[PDB]
Protein chains: 6
Amino acid sequence: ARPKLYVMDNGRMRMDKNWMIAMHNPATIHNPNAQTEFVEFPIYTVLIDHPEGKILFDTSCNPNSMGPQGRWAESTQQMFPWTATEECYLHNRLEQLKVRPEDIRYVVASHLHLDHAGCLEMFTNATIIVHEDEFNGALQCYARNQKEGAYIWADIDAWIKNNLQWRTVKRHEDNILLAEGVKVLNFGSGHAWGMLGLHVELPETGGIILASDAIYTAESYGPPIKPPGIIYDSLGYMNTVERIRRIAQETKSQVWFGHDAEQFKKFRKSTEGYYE
Amino acid sequence: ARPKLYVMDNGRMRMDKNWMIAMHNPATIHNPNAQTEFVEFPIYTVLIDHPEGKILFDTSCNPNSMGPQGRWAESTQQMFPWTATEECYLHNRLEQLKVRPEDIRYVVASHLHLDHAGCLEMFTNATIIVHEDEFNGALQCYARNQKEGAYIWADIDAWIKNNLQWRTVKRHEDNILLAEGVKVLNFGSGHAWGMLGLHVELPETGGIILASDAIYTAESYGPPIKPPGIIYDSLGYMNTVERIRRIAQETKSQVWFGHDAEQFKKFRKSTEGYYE
Amino acid sequence: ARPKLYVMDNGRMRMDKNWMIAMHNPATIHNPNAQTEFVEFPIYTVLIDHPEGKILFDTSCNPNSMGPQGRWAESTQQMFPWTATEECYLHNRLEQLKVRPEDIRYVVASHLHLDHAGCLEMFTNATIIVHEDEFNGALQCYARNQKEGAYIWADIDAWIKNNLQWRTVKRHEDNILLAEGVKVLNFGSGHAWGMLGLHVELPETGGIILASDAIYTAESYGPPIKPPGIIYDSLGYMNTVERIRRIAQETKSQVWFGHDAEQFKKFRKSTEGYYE
Amino acid sequence: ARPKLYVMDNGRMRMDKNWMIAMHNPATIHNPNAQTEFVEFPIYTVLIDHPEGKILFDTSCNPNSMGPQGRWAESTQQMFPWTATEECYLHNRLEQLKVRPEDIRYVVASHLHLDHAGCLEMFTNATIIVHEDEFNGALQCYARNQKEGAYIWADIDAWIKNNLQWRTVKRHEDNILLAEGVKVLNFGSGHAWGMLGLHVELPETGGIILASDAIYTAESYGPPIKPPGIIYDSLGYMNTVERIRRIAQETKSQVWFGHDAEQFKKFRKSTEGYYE
Amino acid sequence: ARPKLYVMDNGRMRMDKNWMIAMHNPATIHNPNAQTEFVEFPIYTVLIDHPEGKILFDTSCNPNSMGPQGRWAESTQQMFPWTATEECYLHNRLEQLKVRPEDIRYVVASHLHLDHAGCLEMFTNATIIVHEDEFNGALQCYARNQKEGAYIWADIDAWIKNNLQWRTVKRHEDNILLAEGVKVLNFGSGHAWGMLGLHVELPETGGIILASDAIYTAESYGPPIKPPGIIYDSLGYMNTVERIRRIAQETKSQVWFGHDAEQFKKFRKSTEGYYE
Amino acid sequence: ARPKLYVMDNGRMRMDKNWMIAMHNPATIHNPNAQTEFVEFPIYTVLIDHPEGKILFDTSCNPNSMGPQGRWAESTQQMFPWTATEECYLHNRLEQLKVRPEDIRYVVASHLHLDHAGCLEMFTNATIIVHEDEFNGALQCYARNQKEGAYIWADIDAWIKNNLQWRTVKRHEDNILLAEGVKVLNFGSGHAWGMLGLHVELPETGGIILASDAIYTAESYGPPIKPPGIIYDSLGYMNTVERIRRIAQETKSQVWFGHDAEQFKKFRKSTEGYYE
Ligand SMILES: CCCCCCCCCC(=O)CC(=O)N[C@H]1CCOC1=O
Ligand SMILES: CCCCCCCCCC(=O)CC(=O)N[C@H]1CCOC1=O
Ligand SMILES: CCCCCCCCCC(=O)CC(=O)N[C@H]1CCOC1=O
Ligand SMILES: CCCCCCCCCC(=O)CC(=O)N[C@H]1CCOC1=O
Ligand SMILES: CCCCCCCCCC(=O)CC(=O)N[C@H]1CCOC1=O
Ligand SMILES: CCCCCCCCCC(=O)CC(=O)N[C@H]1CCOC1=O
Ligand SMILES: [Co+2]
Ligand SMILES: [Co+2]
Ligand SMILES: [Co+2]
Ligand SMILES: [Co+2]
Ligand SMILES: [Co+2]
Ligand SMILES: [Co+2]
Ligand SMILES: [Fe+3]
Ligand SMILES: [Fe+3]
Ligand SMILES: [Fe+3]
Ligand SMILES: [Fe+3]
Ligand SMILES: [Fe+3]
Ligand SMILES: [Fe+3]
């Protein structure tokens, strides 16, 4: 297999850095009203054009997320503002590669947060691979009519109405060989209820681990590890980071973080090329 | 048994409110430089004058904690400054009750943070009851010569030099009946590596749960639960709070939080009287 | 507390006895085309009129289950036909007791099968108590647009649209004291993904265990245990039956089965009276 | 290693199809007396003539199983009748290959049901590899003098009298490398108390998974999975099937089912040749 | 209920003290050939004459254990010699109380060692309660034709021939209420594969814990704990001792050790009376 | 990589054989005062001179262990006397190889017993790899001021004073790839609280497993396994031995025992050469 891997730029988000790095700048006796920072970071997705079929990792934000008629609650829009030109919409990024949503065989959902599962509803011809615990959690949000938070009611509503085809990764399930040199990593609970990663073995580029929000940035990764300001399973989060570090060492793989602005700038984007 | 329970005021501490309540005031697009605050809370201990023997819950901060010649690292002093008059020192609070350290049969260490284990070194004639995971973690800090953090090297140094007598509560150990109507609750991992609580049944007052840092404040308790800005085991923390809520319901017990300023002000202090 | 407990007759169902008792009559060399039986059994619910608030255990079938315009798939209607006069509808049974749906404080859903969770949508003023694993499973059925089976898409649709208030019993959660002498038993996985039971302690009647489909009938119960023809967690099912037997012995409680025609006939129904 | 693999025909069995496929033909309102059928399936064993030593997988039924003087209880004979010519007896099948029981180094007992462990007593010069949970269960049947069921008292009696040499596979034991390209798969609880499979890697044929009763037939395998009418551990059974499906995918292995009539007919029998 | 509890003297055993207390007298540079000692200890059983039925705890050694025609292997006889007069045989001890074997409702087998399970074969009218792991272990000894060790082949042979009625305590099974004030304690693995204890609440005497070999002697009990020279599950053993210590404290119960010569001297034997 | 592996002779120890092999010579009716023996065995360490960095496995005893001014308690010196010439001190063994302590990158502590962790304090430039459970246990010994036993207070004191850099292997952590063909095996609890082994793949010599005290001698190894006279976790110990047996078979590796005098005689020592 001689696949091509694309990094697609799906815009920028901003939020309190305390979300990204817990207690990054604590108040002190001489600085008791310490102020935080409003940091900008990239939202991106990865397409693997594989001979066995096209694989998509994450789906960024829904084009109708922001605005007064948006899907995101006002509170969400104010705390996690997403900025994207039409060019940045996943549909458009794929189109520019002559890829239609119906051409996607597998979508790997790292998790079901607003900035990763926004465009799942588009892929009605794919098998959507998601952690069963993440799926369960999101559905509870939906059933409980939770309108605020990182799980977008309107997005979930759309997944159901569009009759997506789901394959859940069970809590105690081994990693999944999706195709030659493409492995779905079952990270389990940490950042969210259930995290999935990807290990890609490219002929000329070698090993790549897509960590998503298992590791926000190089600052998160360290060492030492700097966990995010809010977290589902702290123990699971720390275990997952260490696990990724081990896999990276043993397989001589690069680790691609969820939202590292510096790393993202160095990526070859879909407007410039790909990784073979 | 007709026991007397005393609440002893061991001064005040201040810190970033984000420590207490995670992401209490997140930055927004309109408030991108959102400032935190430096909140003040009480440090206190509880003495149970029981016919079977005096039981002490927590030990506050060491009198030699703060200052240029202090045991606390300068960074620790600036992030978590402790203010206390001489009358606030545990040794002094006990003396006013005509109680000598040598008189204490049991000391229950909720955990070994600087604001709870400060004066353990005093009680050389007692059995020190602590969670085995907490003890292990603290000892690792010592062995690794960790100077910064919530575990004070000089304090641990003194515990060893004073040849304290330890009984560790095992990770999977049942609750311990210390005395008639006094039970050590094995909360396990959460806020710290290993948390212990206390349930006291007084003839007149009824049930009291000493939660310590298992629950910082009423705001923490909710519902809904508002967890602290940092946390060892998030899942364990949440489980522990809900467990306490259940025990309180089933036993019709009051819940005494670790550091609730408003609750503390309503307590009858050792200088005014006791509970029976 | 001097509560009154009512048994409400919510009609009759029929199905292959092999569903109820696995391999009840296996084919043999001399009877190779052994035929099954189509057995009839009661659907019922229990109301506990408690001074602390009214508690409802199970909700039977939705009045619009059967028929060409019914909610149940044709296949379901043919395999599990429900027969009920208007008098048998839960709404009507409650009305005859001068109880309105909005008067119900707690609904305990043993599980979310079609014959137990049919009328959940009515109780918009209650807290609905359900096993988290059962809730998760049902929601997946909904999200996956599963139209056939024991989980009714239309029913689930209604729960969400009616904005029911859910309290999920966690997989490893202790039993819940709902009110004086009313305990929700966390049976876990067996018959379905997550089973809840009830133990009621009545002043004059004594102990009652509501087992629901944890135990179909006296034939199921034995001894020896005769498990149902289809089952989620066989090991969990067997463990649960034995657990109920132990609780029954230790608390001298009656066991009320899910669908025992003989036992049901002996019950004092809501048209005759109640249990104090 | 250039091993030869032989498939040995050990006759036919019949039973209620409901045993094979649970609720295969449920009663309906239009067919309330739905009849089952008495399906016929093969009993077979596999001999691996390996340079490191001959390995036998399963041992079929004891030649003294059926008849008025038979080891099988009359009830067992009528529910699971076994038909076999003399040429079908394992001892005879081996003799035709010029293989004596004393020549067998290893016998892998998938489990200890009457149709798999029938002739263990023959192999007194071999190490008998069996799951420890299966061995324990079988021995309990013996000790409890259980005359009915799938565990034949007289067979077990003979194992003990013939002083067979056992190696039990522990519940949490890794797969066992028996010989070059021969691995015992520890499937654990499911169909029975403890299931063992085999993965064979042949130079010419490639990968073969002997699943035995972990998967009865292609119908069982699906997807979707159609489980048997009775089952020890339903969760374990489902997990095992999916595990086998994964192993088959990852190793590009064929899956040989326990009792698939159509698959068996396509096999090259020991009377025609072997696999290499 | 007003039961009578009898202690029955079933003779004396001797063995290397190192069996009783591990490394009781280690070799030193000044004593490199350190000598052990051959200590004597009692074998005893407990009959609870309960209004609900007679309960027997342990059964001592089989009368045909010792001698050239004895069931015990020569090595066993030389390492663990049992000395008992005819009066000491359990059958005779019972007969002198006007109790026939057929009169026993329940036999609780602490474990199946030669000195506890010797006379099980007598009680063909009782339910024999044993830990499932202990039962499995013993049966494997039998099936493997182990004619040496602490599990007597001939004894096990007799259990099966005499068609004893077994009720196994499952590994993760709760304590069993056998009768008013009589509870079987599920100790689990430790001394052996599966240990059972008994807690008896007598109206006049109060609480008694029958520890059997969970605790050999007061020396074993300490504290500190001094474990035996050979042990199946060291961690389980230690946990069990501490569990017994807790139960004893919480229930104000006496602990009756397995083989404490000094304690056994102080008991009232069946020749002088009983405990009420 | 072309590493050189050195076996360094760090003297001889003697102790009661009962420590090495539990109940090796039990008392009998004809030998009631059976004598033990005082057996001698080697203390040794392994240096892997790897291109990626020098790796040291174990560190033998501290040079100031024995004598009236020694670190070892008198009781310890008499029970476990260590005899070593100056040439046998690790520091000198290393010096003769032109290796300074500061030259060591990694020290793998199999465990922290007196005969393995004696010279840890020398390697202030290395990362010290130890099992977290072993580390915790030793530190508790120190904090509890245990001045007897297999954990040397003065040794631990020195580790902390010398500011060693620790990397703890977590209880549920995978094996660690330390360098090309060098893997730390996480054996877990058994002989001690937490055992670490090493697997080395040498280009010329092939596979070597350093078992340390996971397996004392070939007699320990069997089969059958003959466990030591004292043991932390008997089940863990047995599991570990069998695990090592499996690894050895699957990787065609030699197993180097902790203290096998006969095996150690056959090794090439650092005075004669090395293994490539
Ligand atoms: C009840 C609503 C509370 C509002 C805050 C809760 C949001 C959950 C915290 C979180 O994970 C924020 C988030 O989803 N951030 C994105 C941005 C980077 O990757 C993320 O996870
Ligand atoms: C780089 C280490 C030093 C930075 C401090 C991080 C340790 C924070 C641990 C924590 O939970 C803070 C703390 O101990 N707070 C006190 C105040 C209230 O009760 C507490 O635990
Ligand atoms: C894909 C649809 C398959 C149709 C059969 C599946 C139904 C699940 C089996 C079952 O539990 C039937 C059921 O729900 N029966 C009711 C009647 C008595 O209590 C019950 O659980
Ligand atoms: C009352 C006990 C006797 C009734 C028989 C019940 C045992 C059924 C166990 C089973 O799974 C049937 C069985 O062994 N079938 C064979 C045929 C195919 O492979 C098998 O396991
Ligand atoms: C090293 C050869 C010994 C032969 C194997 C016999 C196993 C002995 C282990 C044991 O526990 C002996 C035993 O059962 N002793 C009785 C006597 C006191 O209570 C006992 O457990
Ligand atoms: C019964 C009094 C003994 C004093 C306590 C010392 C503990 C001895 C336990 C042990 O394992 C001794 C030890 O560490 N021996 C060394 C020598 C061989 O490898 C070892 O483990
Ligand atoms: Co996220
Ligand atoms: Co704290
Ligand atoms: Co149901
Ligand atoms: Co079978
Ligand atoms: Co014993
Ligand atoms: Co050691
Ligand atoms: Fe994100
Ligand atoms: Fe605190
Ligand atoms: Fe039902
Ligand atoms: Fe079969
Ligand atoms: Fe004994
Ligand atoms: Fe050693």
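Residues numbered from 1 in each chain as written, not as in the entry; some residues may be left out. Chains lettered and ligands numbered in written order. Heavy atoms only, no water.

(A) Structural detail: the overall build of chain A. Across its full length, chain A holds eight helices and 12 strands. In terms of overall dimensions, chain A is globule-like: its C-alpha atoms have a radius of gyration of 18 Å, near the 19 Å expected for 276 residues. Along the first, second and third principal axes, the C-alpha atoms of chain A reach 60 × 45 × 40 Å. Classification of the 276 residues of chain A by burial places 62% in the buried group. (Helix = DSSP H or I, 4+ residues; strand = E, 2+ residues; numbered from the N terminus. Rg over C-alpha atoms; globule rule 2.2 N^0.38 Å. Buried < 20%, exposed > 50% of the residue type's maximum accessible area, 1.4 Å probe, protein only.)

(B) Seen up close, the interface of chain E and chain F. Each partner contributes to the interface: chain E provides 28 residues, whereas chain F provides 28 residues. Summing both sides of the interface, chain E and chain F together bury roughly 2,400 Å²; the carbon and sulfur share of this comes to 63%. Three residues, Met23, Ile29 and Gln78 of chain E, lead the burial of chain E against chain F; their summed loss comes to 22% of the area buried on that side. Viewed at the interface, chain F and chain E are joined by zero salt bridges. Mapped by element, the contributors of at least two residues to the side of chain E that touches chain F are β1 (4-16), α1 (17-20), α2 (74-79) and α7 (234-251) of chain E. When grouped by side-chain class, the residues that make up the side of chain E that touches chain F number 14 nonpolar, 10 polar and four charged. (Contact = heavy atoms within 4.5 Å. Buried area = accessible area lost by both parts, 1.4 Å probe. Salt bridge = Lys/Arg side-chain N within 4 Å of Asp/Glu carboxyl O. Nonpolar A, V, L, I, M, F, W, Y, C, P; charged D, E, K, R; others polar.)

(C) Focus on the coordination of the cobalt ion (ligand 9). Residue and element names in this part refer to chain C. Coordination of the cobalt ion (ligand 9) by the protein is provided by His111 (NE2), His113 (ND1), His191 (NE2) and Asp213 (OD), with metal-donor distances spanning 2.1 to 2.4 Å. Each donor residue of the cobalt ion (ligand 9) lies on one chain, and together they are spaced H-x1-H-x77-H-x21-D. The metal-metal distance between the cobalt ion (ligand 9) and the iron ion (ligand 15) is 3.6 Å, with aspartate 213 serving as a donor to both. One end of the pair, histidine 113, is in the loop between β5 (104-108) and β6 (127-131); the other, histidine 191, is in the loop between β9 (182-188) and β10 (195-202), and 78 residues separate them in sequence. Just as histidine 113 is buried, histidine 191 falls in that class too. (Donors = N, O, S within 2.8 Å, 3.2 Å for Na, K, Ca; no water.)

(D) Inspection of the pattern of salt bridges at higher detail. Residues and elements named next belong to chain B. Going through the model one piece at a time under the given rule, you end up with 86 salt bridges over all chains. The closest approach of N and O atoms between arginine 171 and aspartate 133, which form a salt bridge, is 2.8 Å. With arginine 171 in the loop between β7 (165-169) and β8 (176-179) and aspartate 133 in helix α4 (residues 132-143), the pair connects residues that are 38 residues apart, well separated along the chain. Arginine 171 gets classed as partly exposed once you look at its relative accessible area, which sits at 40%.

(E) Summary view of the packing of helix α4 (residues 132-143) of chain A against helix α4 (residues 132-143) of chain C. Where α4 of chain A contacts α4 of chain C, the two axes come as close as 9 Å, and the packing angle between them is 85°. Considering the angle they form, α4 of chain A stands roughly perpendicular to α4 of chain C. From α4 of chain A, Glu132, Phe135, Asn136, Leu139, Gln140, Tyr142 and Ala143 of chain A reach across to α4 of chain C, where they touch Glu132, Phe135, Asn136, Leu139, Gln140, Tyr142 and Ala143 of chain C. Each residue belonging to the contact of α4 of chain A with α4 of chain C can be placed in one class, and the counts come to eight nonpolar, four polar and two charged. (Axes fitted to C-alpha atoms, helices over the stretch in contact; angles between N-to-C directions. Parallel < 35°, antiparallel > 145°, perpendicular 65-115°, else oblique.)

(F) Region of interest: the UniProt feature "domain: Metallo-beta-lactamase" (unreviewed entry) in chain A. In this structure's numbering, the residues bearing the UniProt feature "domain: Metallo-beta-lactamase" (unreviewed entry) are residues 42-259 of chain A. A distance of 5 Å separates the end C-alpha atoms of residues 42-259 of chain A, which is 25% helix and 28% strand. (UniProt positions renumbered as here; feature names shortened; annotations may be inferred.)

(G) Summary view of the sheet that holds strand β2 (residues 38-50) of chain F. All names here are of chain F. Strands sit in the order β4-β1-β2-β3-β5-β6-β7 across an open sheet of seven strands; the sheet is mixed. The strands lining the two open edges of the sheet, one partner per strand, are β4 (82-83) and β7 (165-169). Bridge analysis of strand β1 (residues 4-16) against β2 gives 11 bridges, and the strand direction is antiparallel. By the bridge assignment, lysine 4 is partnered in β2 with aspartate 49. (Pairing = 2+ DSSP bridges.)

(H) Inspection of the site of ligand 1 at higher detail. Residue and element names in this part refer to chain A. Near ligand 1 lie 18 residues; those nearest to it are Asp115, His191, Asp213, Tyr216 and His259. Contact distances for ligand 1 include 3.4 Å between an oxygen atom and a side-chain N or O atom of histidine 113. Broken down by class, the residue content of the shell around ligand 1 amounts to 10 nonpolar, five polar and three charged. (Near = heavy atom within 4 Å. Polar contact = N/O pair within 3.5 Å; in protein donor to acceptor, adjacent residues only side chain to side chain.)

(I) Spatial organisation of the sheet that holds β8 of chain B. All names here are of chain B. With respect to topology, five strands assemble into an open sheet ordered β8-β9-β10-β11-β12, the strand pairing being mixed. The open sheet has two free edges, formed respectively by β8 and β12 (253-257), since each of these has just one partner strand. Between one strand axis and the next, the sheet turns by 25° as a mean value, whatever way the strands run. Here three bridges tie β8 to strand β9 (residues 182-188), and the two strands are oriented antiparallel to one another. Along β9, the bridge assignment pairs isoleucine 176 with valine 184.

(J) Structural view of the coordination of the iron ion (ligand 13). Residues and elements named next belong to chain A. For the iron ion (ligand 13), every protein donor is listed as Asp115 (OD), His116 (NE2), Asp213 (OD) and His259 (NE2), and the spread of their distances is 2.0 to 2.3 Å. For the iron ion (ligand 13), the single-chain donor residues occur in sequence as D-H-x96-D-x45-H. A separation of 3.6 Å is found between the iron ion (ligand 13) and the cobalt ion (ligand 7), both of which receive a donor from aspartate 213. With a gap of 98 residues between them, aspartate 115 in the loop between β5 (104-108) and β6 (127-131) and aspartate 213 in the loop between β11 (206-212) and α6 (218-221) connect regions that are remote in the sequence. Each member of the pair, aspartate 115 as well as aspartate 213, is classed as buried.

(K) The arrangement of the relation of the copies chain E and chain F in detail. In screw terms, the move from chain E to chain F is a rotation of 180° and a rise of 0.0 Å along the axis, fitting with an RMSD of 0.0 Å. Such a combination of turn and shift is consistent with a two-fold rotation axis. When C-alpha positions in chain E are compared against the rotation axis, the closest is assigned to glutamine 35 of chain E, at 2.2 Å. With an isologous cut-off of 70% or more, the 100% of interface residues of chain E that recur at the interface of chain F puts this contact in the isologous class. (Least-squares fit on C-alpha atoms.)

(L) Summary view of the state of the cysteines. Residues and elements named next belong to chain C. Scanning all chains against the criterion turns up zero disulfides over all chains. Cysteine 61 takes part in no disulfide bond, and the closest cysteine sulfur, belonging to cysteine 119, lies 7.7 Å away. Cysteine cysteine 141 remains unbridged, with the sulfur of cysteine 61 as its closest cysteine sulfur at 17 Å. A residue is classified by how much of its surface remains accessible, and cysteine 141, at 14% relative accessible area, is buried. (Disulfide = S-S within 2.5 Å.)

(M) Spatial organisation of helix α4 (residues 132-143) of chain E. The terminal C-alpha atoms of α4 of chain E, which comprises 12 residues, lie 16 Å apart, in line with the 16 Å expected from a rise of 1.5 Å per residue. Across the 12 residues of α4 of chain E, 12 count as buried, placing the element largely inside the fold. Taken together, the buried positions of α4 of chain E are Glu132, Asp133, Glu134, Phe135, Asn136, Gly137, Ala138, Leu139, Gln140, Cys141, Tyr142 and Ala143 of chain E. At its buried positions, α4 of chain E is contacted by α4 (132-143), α5 (153-161) and β7 (165-169) of chain D together with β6 (127-131), α5 (153-161) and β7 (165-169) of chain E. Looking one or two residues past α4 of chain E, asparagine 145 of chain E carries a phi angle of roughly 60°, positive in sign. (Expected span 1.5 Å × (residues − 1).)

(N) Region of interest: the site of ligand 3. Residues and elements named next belong to chain C. Surrounding ligand 3, one finds 18 residues, the nearest of these being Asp115, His191, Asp213, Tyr216 and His259. Between ligand 3 and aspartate 115 there is a distance of 3.2 Å, counted from an oxygen atom to a side-chain nitrogen or oxygen. In the model, an oxygen atom of ligand 3 is placed 2.8 Å from a nitrogen or oxygen of the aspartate 213 side chain. Residue composition of the shell around ligand 3, by class: 10 nonpolar, five polar and three charged.

(O) Region of the structure containing α5 of chain E. Taken residue by residue, α5 of chain E has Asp155, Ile156, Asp157, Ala158, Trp159 and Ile160 of chain E as its buried positions. Lining the buried residues of α5 of chain E we find α4 of chain D together with α4 and β7 of chain E. The positive-phi residue at the C-terminal boundary of α5 of chain E is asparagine 163 of chain E, with phi of around 55°.

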